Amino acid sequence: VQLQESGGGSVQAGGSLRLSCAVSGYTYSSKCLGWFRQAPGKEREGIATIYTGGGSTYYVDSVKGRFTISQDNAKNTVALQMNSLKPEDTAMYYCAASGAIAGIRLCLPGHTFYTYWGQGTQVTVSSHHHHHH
């Protein structure tokens, strides 16, 4: 099973970015898909998860609403729309996939609960300015 992320880059504080991850080689069953992020030295942390069964989504308190996780089984992609980005959102972002799992509703955000991982795309939110008021 393979996973490849897309859409990272550099943005100014208050900007927007859209991440996409190509879920490939999967059995097309019910799975947990998650967006993780990791800052240098800091541990990797799941921030948004989606269950491809009923489509229920979970978000950690710091990124809820601002980020929205999506799924597209037709195109086999999981997406993360990141709005009103903050400098503390600067990190490497990974998409992740569990094994097949049925009967549940909400996917936990811990890395332990995912098996397959992408390579990771970098998101950089900067606060630099050069103008006076």
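Residue indices: 1-based, along the sequence shown.
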For this session: Look over 67 to 75 and 46 to 54 in the entry and identify the one with the greater average Cα temperature factor.
Result: 67 to 75
Exercise. Got a sec? Mean C-alpha B-factor, which is higher, 20 to 28 or 117 to 125?
Worked result: 20 to 28
For this session: Can you pull the Cα B-factors for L80, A100, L106, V60 from the entry and say which is highest?
Result: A100
Seminar exercise, completed: Here the Cα B-factor of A39, set against its chain, lands in the third termed highest
